[PDB]
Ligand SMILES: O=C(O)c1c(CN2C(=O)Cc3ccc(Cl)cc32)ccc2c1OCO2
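Just one chain follows, in the form solved without the named molecule, and it is written as structure tokens.
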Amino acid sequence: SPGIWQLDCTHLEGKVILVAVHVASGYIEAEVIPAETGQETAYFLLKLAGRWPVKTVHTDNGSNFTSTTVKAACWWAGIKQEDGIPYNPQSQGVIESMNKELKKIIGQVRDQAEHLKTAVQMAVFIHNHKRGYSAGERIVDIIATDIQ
């Protein structure tokens, strides 16, 4: 549980927002890319795994699951790649809700930044800090408890 993350890809302003959600806490990391490719997903995972102890990743679609570059990055970083098939079906709805919510925050900050990428990072900040505990507090507690 402490090492489980879910990939999520959403669209805005003709661009792609790639999101990694720490399932147990709701904590996110996100980036803007021109389009989802195996290479971009692989690089994103390498960054993520150097920052948090990523054990398992539920990939967001079959193309990324299949991608030889994504597979290489998961091998390199010691990540077990799994499908993102929501056998538990509330999972989809939770991600759907998060995308809607992230887009709402992006709209609220949008005019404070020229570039979408900046607005996305502001939205990540607001999401992770919103409180009772915040997502940022929850992920730290979960992992700290796991270490010990």
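All residue numbers are counted from 1 along the displayed sequence.
Same protein, other form: the form solved in complex with the named molecule, not shown, and the subject of what follows.
> Does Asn88 reach the named molecule in the entry with it bound if we count a contact as any heavy atom within 4.5 Å?
Result no; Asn88 lies far from the named molecule in the entry with it bound.
> Is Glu82 a contact residue for the named molecule in the entry with it bound, using a 4.5 Å heavy atom cut-off?
Outside the cut-off, so no.
> Where, within 88 to 112, is there a heavy atom within 4.5 Å of the named molecule in the entry with it bound? Residue list please.
Sequence-ordered list: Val94, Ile95, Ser97, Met98, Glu101.
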